[PDB]
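One file, input-v2.tsv, is given below (TSV, C-alpha atoms and all ligand atoms).
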chain	number	residue	atom	x	y	z
A	1	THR	CA	-184.29	-217.29	-205.28
A	2	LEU	CA	-186.15	-220.10	-203.45
A	3	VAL	CA	-186.85	-223.47	-205.06
A	4	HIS	CA	-189.29	-226.11	-203.83
A	5	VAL	CA	-189.21	-229.43	-205.67
A	6	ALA	CA	-192.24	-231.66	-205.20
A	7	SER	CA	-191.31	-235.01	-203.64
A	8	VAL	CA	-193.95	-237.75	-203.72
A	9	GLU	CA	-194.61	-239.26	-200.26
A	10	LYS	CA	-192.53	-242.46	-200.34
A	11	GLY	CA	-194.12	-245.26	-202.34
A	12	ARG	CA	-197.50	-243.53	-202.57
A	13	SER	CA	-199.66	-243.44	-205.69
A	14	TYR	CA	-203.17	-242.43	-206.81
A	15	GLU	CA	-205.05	-244.99	-204.74
A	16	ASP	CA	-203.39	-243.74	-201.53
A	17	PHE	CA	-204.60	-240.17	-202.08
A	18	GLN	CA	-208.08	-241.29	-203.14
A	19	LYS	CA	-208.19	-242.96	-199.75
A	20	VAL	CA	-207.42	-239.64	-198.04
A	21	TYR	CA	-209.97	-237.92	-200.31
A	22	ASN	CA	-212.63	-240.43	-199.24
A	23	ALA	CA	-211.97	-240.03	-195.49
A	24	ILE	CA	-212.26	-236.26	-195.91
A	25	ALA	CA	-215.40	-236.64	-198.00
A	26	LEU	CA	-216.90	-239.13	-195.53
A	27	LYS	CA	-216.17	-236.76	-192.66
A	28	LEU	CA	-217.79	-233.89	-194.58
A	29	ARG	CA	-220.90	-236.04	-194.87
A	30	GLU	CA	-220.92	-236.96	-191.19
A	31	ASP	CA	-220.25	-233.62	-189.48
A	32	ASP	CA	-223.18	-231.94	-191.27
A	33	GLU	CA	-224.31	-229.69	-188.44
A	34	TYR	CA	-221.29	-227.33	-188.34
A	35	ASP	CA	-222.08	-223.64	-188.89
A	36	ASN	CA	-225.85	-224.04	-188.77
A	37	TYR	CA	-225.78	-227.01	-191.12
A	38	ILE	CA	-223.57	-225.43	-193.70
A	39	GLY	CA	-221.03	-228.14	-192.96
A	40	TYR	CA	-217.26	-227.93	-193.29
A	41	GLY	CA	-216.99	-227.69	-197.08
A	42	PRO	CA	-216.67	-223.89	-197.33
A	43	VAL	CA	-214.18	-223.49	-194.47
A	44	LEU	CA	-212.00	-226.21	-196.04
A	45	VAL	CA	-211.77	-224.39	-199.35
A	46	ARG	CA	-211.05	-221.13	-197.53
A	47	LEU	CA	-208.30	-222.89	-195.59
A	48	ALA	CA	-206.80	-224.17	-198.84
A	49	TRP	CA	-206.90	-220.69	-200.39
A	50	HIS	CA	-205.36	-218.94	-197.36
A	51	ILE	CA	-202.45	-221.37	-197.06
A	52	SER	CA	-201.78	-220.92	-200.79
A	53	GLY	CA	-202.46	-217.16	-200.94
A	54	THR	CA	-199.47	-216.22	-198.83
A	55	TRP	CA	-197.34	-216.96	-201.88
A	56	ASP	CA	-195.16	-214.27	-203.39
A	57	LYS	CA	-194.01	-214.77	-206.98
A	58	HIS	CA	-191.06	-212.43	-206.47
A	59	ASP	CA	-189.10	-214.60	-204.06
A	60	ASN	CA	-191.21	-217.79	-203.85
A	61	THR	CA	-191.88	-217.24	-200.17
A	62	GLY	CA	-195.24	-218.42	-198.74
A	63	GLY	CA	-197.32	-220.85	-200.80
A	64	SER	CA	-198.88	-224.25	-200.06
A	65	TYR	CA	-195.68	-226.29	-200.33
A	66	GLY	CA	-194.22	-225.96	-196.83
A	67	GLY	CA	-197.45	-226.50	-194.91
A	68	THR	CA	-196.56	-223.64	-192.60
A	69	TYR	CA	-200.10	-222.91	-191.38
A	70	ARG	CA	-199.34	-225.51	-188.65
A	71	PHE	CA	-197.05	-222.93	-186.94
A	72	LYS	CA	-198.46	-220.34	-184.53
A	73	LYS	CA	-197.61	-217.16	-186.42
A	74	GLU	CA	-199.63	-218.19	-189.48
A	75	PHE	CA	-202.29	-220.10	-187.50
A	76	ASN	CA	-202.70	-216.88	-185.48
A	77	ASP	CA	-202.81	-214.47	-188.44
A	78	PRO	CA	-205.92	-212.33	-187.83
A	79	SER	CA	-206.65	-212.90	-191.53
A	80	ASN	CA	-207.05	-216.60	-190.76
A	81	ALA	CA	-209.61	-216.10	-188.00
A	82	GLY	CA	-212.11	-219.00	-188.20
A	83	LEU	CA	-209.75	-221.36	-190.07
A	84	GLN	CA	-208.91	-223.21	-186.85
A	85	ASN	CA	-212.23	-224.98	-187.42
A	86	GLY	CA	-210.93	-226.36	-190.70
A	87	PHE	CA	-207.62	-227.42	-189.17
A	88	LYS	CA	-209.47	-229.21	-186.42
A	89	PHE	CA	-211.60	-231.05	-188.96
A	90	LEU	CA	-208.45	-232.31	-190.66
A	91	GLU	CA	-206.60	-233.43	-187.48
A	92	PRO	CA	-208.31	-236.86	-187.36
A	93	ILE	CA	-207.56	-237.31	-191.05
A	94	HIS	CA	-203.92	-236.44	-190.54
A	95	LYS	CA	-203.82	-238.87	-187.64
A	96	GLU	CA	-205.22	-241.69	-189.81
A	97	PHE	CA	-202.85	-240.86	-192.67
A	98	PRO	CA	-199.71	-239.57	-190.92
A	99	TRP	CA	-197.67	-240.02	-194.08
A	100	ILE	CA	-199.27	-237.16	-196.00
A	101	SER	CA	-197.56	-233.76	-195.82
A	102	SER	CA	-199.38	-230.83	-194.25
A	103	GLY	CA	-199.39	-228.87	-197.48
A	104	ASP	CA	-200.79	-231.79	-199.41
A	105	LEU	CA	-203.54	-232.33	-196.84
A	106	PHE	CA	-204.59	-228.70	-196.61
A	107	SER	CA	-204.68	-228.38	-200.35
A	108	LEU	CA	-206.40	-231.74	-200.88
A	109	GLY	CA	-209.00	-230.76	-198.31
A	110	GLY	CA	-209.94	-227.83	-200.55
A	111	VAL	CA	-210.14	-229.98	-203.65
A	112	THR	CA	-212.24	-232.57	-201.86
A	113	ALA	CA	-214.72	-230.04	-200.48
A	114	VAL	CA	-215.15	-228.40	-203.89
A	115	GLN	CA	-215.82	-231.74	-205.59
A	116	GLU	CA	-218.15	-233.08	-202.89
A	117	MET	CA	-220.16	-229.83	-203.00
A	118	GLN	CA	-220.80	-230.67	-206.67
A	119	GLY	CA	-218.19	-228.38	-208.18
A	120	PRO	CA	-215.91	-229.09	-211.13
A	121	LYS	CA	-213.19	-231.74	-210.94
A	122	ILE	CA	-209.95	-230.19	-209.71
A	123	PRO	CA	-206.81	-232.02	-210.84
A	124	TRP	CA	-204.43	-232.27	-207.89
A	125	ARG	CA	-200.72	-233.08	-207.47
A	126	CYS	CA	-198.91	-234.50	-204.48
A	127	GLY	CA	-195.38	-233.86	-203.33
A	128	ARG	CA	-195.56	-230.83	-201.08
A	129	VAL	CA	-192.98	-231.10	-198.27
A	130	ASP	CA	-193.29	-229.72	-194.74
A	131	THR	CA	-190.69	-227.00	-193.99
A	132	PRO	CA	-189.47	-225.56	-190.66
A	133	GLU	CA	-191.21	-223.02	-188.49
A	134	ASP	CA	-188.81	-220.33	-189.63
A	135	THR	CA	-190.08	-220.61	-193.17
A	136	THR	CA	-193.54	-219.34	-192.12
A	137	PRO	CA	-194.45	-216.08	-193.89
A	138	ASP	CA	-195.45	-213.04	-191.86
A	139	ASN	CA	-199.06	-212.01	-191.34
A	140	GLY	CA	-200.32	-209.50	-193.89
A	141	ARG	CA	-200.14	-211.28	-197.25
A	142	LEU	CA	-203.86	-212.05	-197.53
A	143	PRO	CA	-206.12	-209.39	-199.09
A	144	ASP	CA	-208.30	-206.84	-197.29
A	145	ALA	CA	-212.05	-206.75	-198.02
A	146	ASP	CA	-212.70	-203.01	-197.63
A	147	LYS	CA	-210.93	-202.09	-200.88
A	148	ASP	CA	-211.72	-201.46	-204.56
A	149	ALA	CA	-211.09	-202.99	-207.98
A	150	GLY	CA	-207.67	-201.47	-208.38
A	151	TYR	CA	-206.64	-202.96	-205.03
A	152	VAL	CA	-207.85	-206.43	-206.04
A	153	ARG	CA	-206.14	-206.35	-209.45
A	154	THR	CA	-202.81	-205.27	-207.93
A	155	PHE	CA	-203.14	-207.72	-205.01
A	156	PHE	CA	-203.50	-210.79	-207.28
A	157	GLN	CA	-200.65	-209.82	-209.58
A	158	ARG	CA	-198.51	-210.97	-206.65
A	159	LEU	CA	-200.11	-214.44	-207.02
A	160	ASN	CA	-199.56	-214.31	-210.79
A	161	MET	CA	-203.32	-214.21	-211.41
A	162	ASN	CA	-204.95	-212.18	-214.22
A	163	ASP	CA	-208.40	-210.56	-214.48
A	164	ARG	CA	-210.19	-213.69	-215.59
A	165	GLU	CA	-208.42	-215.85	-212.99
A	166	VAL	CA	-209.31	-213.35	-210.26
A	167	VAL	CA	-213.02	-213.23	-211.08
A	168	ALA	CA	-213.29	-217.03	-211.35
A	169	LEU	CA	-211.51	-217.49	-208.03
A	170	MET	CA	-213.51	-214.96	-205.97
A	171	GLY	CA	-216.87	-216.13	-207.34
A	172	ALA	CA	-215.72	-219.40	-205.73
A	173	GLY	CA	-218.97	-221.40	-206.08
A	174	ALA	CA	-220.77	-218.93	-203.75
A	175	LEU	CA	-219.73	-220.84	-200.62
A	176	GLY	CA	-220.25	-220.53	-196.89
A	177	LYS	CA	-220.61	-217.10	-195.33
A	178	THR	CA	-218.98	-214.18	-193.58
A	179	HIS	CA	-219.16	-214.26	-189.78
A	180	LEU	CA	-219.02	-210.98	-187.87
A	181	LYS	CA	-216.81	-212.36	-185.10
A	182	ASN	CA	-214.21	-213.69	-187.57
A	183	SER	CA	-213.94	-210.91	-190.14
A	184	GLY	CA	-216.18	-207.93	-189.22
A	185	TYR	CA	-218.56	-208.86	-192.01
A	186	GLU	CA	-221.73	-210.92	-191.73
A	187	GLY	CA	-223.80	-213.11	-194.07
A	188	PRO	CA	-223.89	-215.34	-197.15
A	189	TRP	CA	-223.30	-214.54	-200.79
A	190	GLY	CA	-226.24	-216.66	-202.00
A	191	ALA	CA	-228.97	-219.22	-201.12
A	192	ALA	CA	-227.14	-222.47	-201.95
A	193	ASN	CA	-224.04	-221.93	-199.88
A	194	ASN	CA	-222.85	-225.54	-199.54
A	195	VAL	CA	-223.43	-226.27	-203.22
A	196	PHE	CA	-220.77	-225.02	-205.67
A	197	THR	CA	-222.51	-222.72	-208.19
A	198	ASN	CA	-222.07	-219.65	-210.37
A	199	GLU	CA	-224.78	-217.94	-208.27
A	200	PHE	CA	-222.30	-215.30	-207.01
A	201	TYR	CA	-222.21	-213.76	-210.47
A	202	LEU	CA	-225.96	-213.98	-210.93
A	203	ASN	CA	-226.64	-212.37	-207.56
A	204	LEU	CA	-224.15	-209.58	-208.18
A	205	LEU	CA	-225.93	-208.80	-211.43
A	206	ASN	CA	-229.58	-209.42	-210.49
A	207	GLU	CA	-229.92	-208.49	-206.82
A	208	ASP	CA	-230.80	-204.96	-205.70
A	209	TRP	CA	-227.81	-204.00	-203.55
A	210	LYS	CA	-227.67	-201.34	-200.86
A	211	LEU	CA	-224.47	-200.12	-199.23
A	212	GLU	CA	-225.00	-200.46	-195.49
A	213	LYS	CA	-223.04	-200.65	-192.25
A	214	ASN	CA	-223.02	-203.92	-190.29
A	215	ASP	CA	-222.87	-204.24	-186.47
A	216	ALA	CA	-219.09	-204.12	-186.66
A	217	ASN	CA	-219.31	-200.66	-188.25
A	218	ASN	CA	-218.01	-201.95	-191.58
A	219	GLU	CA	-219.68	-201.24	-194.94
A	220	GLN	CA	-220.95	-204.11	-197.02
A	221	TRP	CA	-223.47	-204.42	-199.84
A	222	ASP	CA	-226.73	-206.03	-198.74
A	223	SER	CA	-229.74	-207.44	-200.56
A	224	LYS	CA	-233.37	-207.74	-199.55
A	225	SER	CA	-232.98	-211.47	-200.28
A	226	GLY	CA	-230.69	-211.66	-197.26
A	227	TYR	CA	-227.42	-211.78	-199.26
A	228	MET	CA	-224.23	-209.68	-198.88
A	229	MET	CA	-221.19	-208.73	-200.95
A	230	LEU	CA	-217.81	-207.55	-199.65
A	231	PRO	CA	-216.65	-204.20	-200.99
A	232	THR	CA	-214.08	-206.21	-202.90
A	233	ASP	CA	-216.76	-208.48	-204.31
A	234	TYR	CA	-218.88	-205.57	-205.42
A	235	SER	CA	-215.92	-203.94	-207.14
A	236	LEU	CA	-216.12	-206.77	-209.71
A	237	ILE	CA	-219.18	-205.10	-211.21
A	238	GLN	CA	-217.75	-201.57	-210.67
A	239	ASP	CA	-214.67	-202.23	-212.83
A	240	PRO	CA	-215.68	-202.57	-216.49
A	241	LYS	CA	-213.13	-205.33	-217.26
A	242	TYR	CA	-214.20	-207.36	-214.26
A	243	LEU	CA	-217.81	-206.68	-215.06
A	244	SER	CA	-217.69	-208.29	-218.50
A	245	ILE	CA	-216.20	-211.45	-216.98
A	246	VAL	CA	-218.83	-211.42	-214.27
A	247	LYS	CA	-221.53	-211.42	-216.98
A	248	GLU	CA	-219.73	-214.20	-218.82
A	249	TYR	CA	-219.67	-216.62	-215.88
A	250	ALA	CA	-223.24	-215.64	-214.93
A	251	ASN	CA	-224.27	-216.79	-218.40
A	252	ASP	CA	-222.10	-219.93	-218.73
A	253	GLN	CA	-221.88	-222.38	-215.81
A	254	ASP	CA	-219.58	-224.81	-217.60
A	255	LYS	CA	-217.15	-222.08	-218.62
A	256	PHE	CA	-216.95	-220.90	-215.03
A	257	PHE	CA	-216.45	-224.47	-213.75
A	258	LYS	CA	-213.59	-225.04	-216.18
A	259	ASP	CA	-211.90	-221.66	-215.57
A	260	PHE	CA	-212.23	-222.07	-211.85
A	261	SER	CA	-210.76	-225.60	-211.91
A	262	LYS	CA	-207.72	-224.29	-213.79
A	263	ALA	CA	-207.15	-221.30	-211.54
A	264	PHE	CA	-207.73	-223.20	-208.27
A	265	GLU	CA	-205.23	-225.87	-209.20
A	266	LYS	CA	-202.88	-223.08	-210.31
A	267	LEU	CA	-203.37	-221.33	-207.02
A	268	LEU	CA	-202.74	-224.52	-205.02
A	269	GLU	CA	-199.60	-225.24	-207.05
A	270	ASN	CA	-197.95	-221.78	-207.08
A	271	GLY	CA	-194.33	-221.92	-205.98
A	272	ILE	CA	-193.86	-225.64	-206.63
A	273	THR	CA	-191.48	-227.17	-209.16
A	274	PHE	CA	-192.70	-230.55	-210.46
A	275	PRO	CA	-189.99	-232.86	-211.87
A	276	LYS	CA	-190.47	-234.03	-215.45
A	277	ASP	CA	-190.75	-237.53	-213.97
A	278	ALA	CA	-193.41	-236.50	-211.50
A	279	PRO	CA	-196.69	-238.40	-211.68
A	280	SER	CA	-199.44	-236.67	-213.69
A	281	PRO	CA	-202.12	-234.79	-211.78
A	282	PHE	CA	-204.66	-237.03	-210.07
A	283	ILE	CA	-208.39	-236.59	-210.73
A	284	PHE	CA	-210.25	-237.98	-207.70
A	285	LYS	CA	-213.62	-239.71	-207.90
A	286	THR	CA	-216.36	-238.33	-205.64
A	287	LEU	CA	-218.07	-240.63	-203.09
A	288	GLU	CA	-221.13	-240.53	-205.31
A	289	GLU	CA	-219.10	-241.72	-208.30
A	290	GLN	CA	-217.74	-244.60	-206.16
A	291	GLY	CA	-221.18	-245.54	-204.90
A	292	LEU	CA	-219.89	-244.70	-201.42
B	1	LIG	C1	-210.17	-210.18	-202.75
B	1	LIG	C2	-210.13	-211.52	-202.23
B	1	LIG	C3	-210.97	-212.01	-201.20
B	1	LIG	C4	-211.23	-211.40	-199.98
B	1	LIG	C5	-211.09	-209.94	-199.56
B	1	LIG	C6	-211.67	-212.43	-199.14
B	1	LIG	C7	-212.35	-212.20	-197.93
B	1	LIG	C8	-213.23	-213.01	-197.20
B	1	LIG	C9	-213.83	-212.69	-196.00
B	1	LIG	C10	-213.74	-211.39	-195.23
B	1	LIG	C11	-214.45	-213.87	-195.57
B	1	LIG	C12	-215.23	-214.12	-194.28
B	1	LIG	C13	-214.44	-214.85	-193.21
B	1	LIG	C14	-215.31	-215.10	-191.96
B	1	LIG	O1	-215.95	-214.17	-191.46
B	1	LIG	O2	-215.63	-216.26	-191.68
B	1	LIG	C15	-214.34	-214.75	-196.63
B	1	LIG	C16	-214.91	-216.05	-196.68
B	1	LIG	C17	-214.45	-217.16	-197.43
B	1	LIG	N1	-213.65	-217.04	-198.50
B	1	LIG	FE1	-212.78	-215.27	-199.18
B	1	LIG	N2	-211.86	-213.54	-199.85
B	1	LIG	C18	-211.29	-213.36	-201.03
B	1	LIG	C19	-210.97	-214.41	-201.89
B	1	LIG	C20	-211.34	-215.78	-201.81
B	1	LIG	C21	-211.05	-216.74	-202.78
B	1	LIG	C22	-210.02	-216.55	-203.92
B	1	LIG	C23	-211.45	-217.95	-202.20
B	1	LIG	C24	-211.23	-219.29	-202.58
B	1	LIG	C25	-211.29	-219.76	-203.96
B	1	LIG	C26	-212.23	-217.59	-201.10
B	1	LIG	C27	-213.02	-218.47	-200.33
B	1	LIG	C28	-213.75	-218.18	-199.19
B	1	LIG	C29	-214.63	-219.06	-198.57
B	1	LIG	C30	-215.09	-220.41	-199.11
B	1	LIG	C31	-215.21	-218.34	-197.53
B	1	LIG	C32	-216.28	-218.82	-196.54
B	1	LIG	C33	-215.67	-219.57	-195.33
B	1	LIG	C34	-216.71	-219.91	-194.23
B	1	LIG	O3	-217.88	-220.05	-194.59
B	1	LIG	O4	-216.30	-220.46	-193.22
B	1	LIG	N3	-212.08	-216.29	-200.81
B	1	LIG	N4	-213.37	-214.33	-197.47

Please render this file's structure as structure tokens.
Ligand code: HEM
Amino acid sequence: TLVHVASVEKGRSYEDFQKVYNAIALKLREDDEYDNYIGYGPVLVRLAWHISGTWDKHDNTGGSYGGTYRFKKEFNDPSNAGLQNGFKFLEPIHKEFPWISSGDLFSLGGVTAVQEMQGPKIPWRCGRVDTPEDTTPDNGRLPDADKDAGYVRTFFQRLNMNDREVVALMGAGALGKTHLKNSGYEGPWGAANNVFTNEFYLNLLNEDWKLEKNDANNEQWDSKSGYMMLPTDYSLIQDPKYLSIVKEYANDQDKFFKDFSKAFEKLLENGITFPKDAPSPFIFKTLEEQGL
């Protein structure tokens, strides 16, 4: 019940993908003004998560492999509202490197953004293959934000993620912000929202949060510091098992970076079979490491 074998883009190797990395990274640098100077890093790692998070372990439908976000049904998923911005960013890159598959580009965009925003290295594998429009999953596989801990735990079981993987993933460097017109929630999780940090965990623990209603008539937790947490975020300190992992990552930056790197790669790779003869995962160099 549904197999997807990774097939390396013909004749490509590490250096080819580093070149795509760099063009993405260079474009991140250049289009700095987007979203009141947040830049496109956060929306790129949200795009990578949403294209991967449609996966279902039961029948291997959804997932990053087929690059199906390029079809209207998924592009138009209300859950993906705002991600068009990320797709538009990547269009010039796809045009310069037409040989890369859509799944590989969406997922490599997420890796690139995380690394350029000073996050951990994320090992990445190529070989996703575009699949037809009829393989696009239905809307409704991404998680709601108005729910509690039990919802979150059950939701992520479908993505084969456990408690520790779920808390590392959500804490997601503390990046970008909620926008009322996209999601019915408004504001950032922290102060350094285009730098990958463990500040989400710190803020959850140390801020003084009040449950308020936003202009869209949705509840969210708000802080005097100007920060916000989704009901689902806040549930990570309401559930005692989540809570001890929140404290752990708030008190160990390196541990969080390593756990996140593992789970993000895992997330991006769910549903994909890699041949024994596949190339090993690539670790890309940042622009800064290349002196670029
Ligand atoms: C229970 C799971 C989660 C829920 C309910 C969810 C929900 C949300 C919501 C409502 C937004 C705001 C969208 C908008 O208004 O622009 C948001 C932002 C985003 N999400 Fe999540 N999220 C979850 C998991 C994740 C995880 C696992 C990642 C990736 C590792 C992630 C990365 C992001 C990013 C980076 C943003 C900011 C995008 C922007 O600034 O443009 N989310 N998400």

### Message
Residues contacting ligand LIG 1 (chain B) - anything with an atom at most 6 Å away, using only C-alpha atoms and all ligand atoms - can you give me those as number ranges by chain?
### Response
A: 42-43, 45-46, 49, 82, 143-145, 152, 169-170, 172, 175-180, 182-183, 185, 232

Centre, x/y/z edge lengths, axis-aligned box for segment 161-165 of chain A with 5 Å per side, as AutoDock Vina command-line options:
--center_x -206.8 --center_y -213.2 --center_z -213.5 --size_x 16.9 --size_y 15.3 --size_z 14.2

### Query
Which is closer to residue 20 of chain A than all the others in A:76, A:136, A:238, A:286, using only C-alpha atoms?
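Checking each candidate against residue 20 of chain A, we get A:286 as the closest.
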
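Counting from atom CA of residue 99 of chain A, the distance to atom CA of residue 28 of chain A is 21.0 Å.
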
### Query
What separation in Å, quoted to one decimal, exists between atom CA of residue 106 of chain A and atom CA of residue 149 of chain A?
28.9 Å

### Message
Which residues are near residue 57 of chain A? Cut-off 9 Å, all atoms listed in the file, ignore same chain within fewer than 6 positions. Put them as a list in words.
### Response
residues 157, 158, 159, 160, 270 and 271 of chain A
